[PDB]
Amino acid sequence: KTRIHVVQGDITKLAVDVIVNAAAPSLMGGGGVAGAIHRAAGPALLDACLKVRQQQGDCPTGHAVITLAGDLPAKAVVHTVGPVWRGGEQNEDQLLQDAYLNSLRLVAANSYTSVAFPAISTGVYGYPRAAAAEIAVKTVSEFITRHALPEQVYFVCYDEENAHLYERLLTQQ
């Protein structure tokens, strides 16, 4: 689209309004993007995530929260919790959808115009890469069709295989 883009590389480098984190309910850092993001952002991010936890407890699956972004070139970080993949009969598809939706909603609610997304749930949470990307693209596309904000959406893909996957699902629209 004019509004949705596929970029390949490291999400932490993206100068966008908001960067999206594939988080765990704890919100306390992790391995995949979560680690990359935290490391890049610096200690302020963690302090902020603590404050949130302190205030709302664990972030439930399919939901999302927004914080400052510290040393990141972004203005804010949205932490969202993807589902753990359990074979597809445990409402996973819906919950992944919700993750994308609630994220977008928060970006908008906070008057942000641009947002970057990683491939939520496809790493350690073990979501089949292809089914996931389908939901991501469908959900985001349908949403931006209904809404002025966010104006710009970036799908950040960590490898070429995934990048191509997205790139063509997008043309399937």
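Don't overthink the numbering: it's just position in the shown sequence, from 1.
Legend: mean Cα B-factor per stretch from the PDB entry, 89-97 versus 72-80; the higher mean is in 89-97.
According to the PDB record, 134-142 carries the higher mean C-alpha B-factor of the two stretches 101-109 and 134-142.
Note on the listed residues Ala64, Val115, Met28, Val52: the highest Cα temperature factor in the record is that of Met28.
Ranked by Cα temperature factor within the chain, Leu165 sits in the highest third according to the deposited record. The deposited CA B-factor of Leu149 belongs to the lowest third of values across its chain. Split the chain's modelled residues into thirds by C-alpha temperature factor. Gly126 is in the highest one.
Compared with the other modelled residues of the chain, the Cα B-factor recorded for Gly35 ranks in the lowest third. Per the PDB record, residue ranking by Cα B-factor puts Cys157 in the highest third of the chain.
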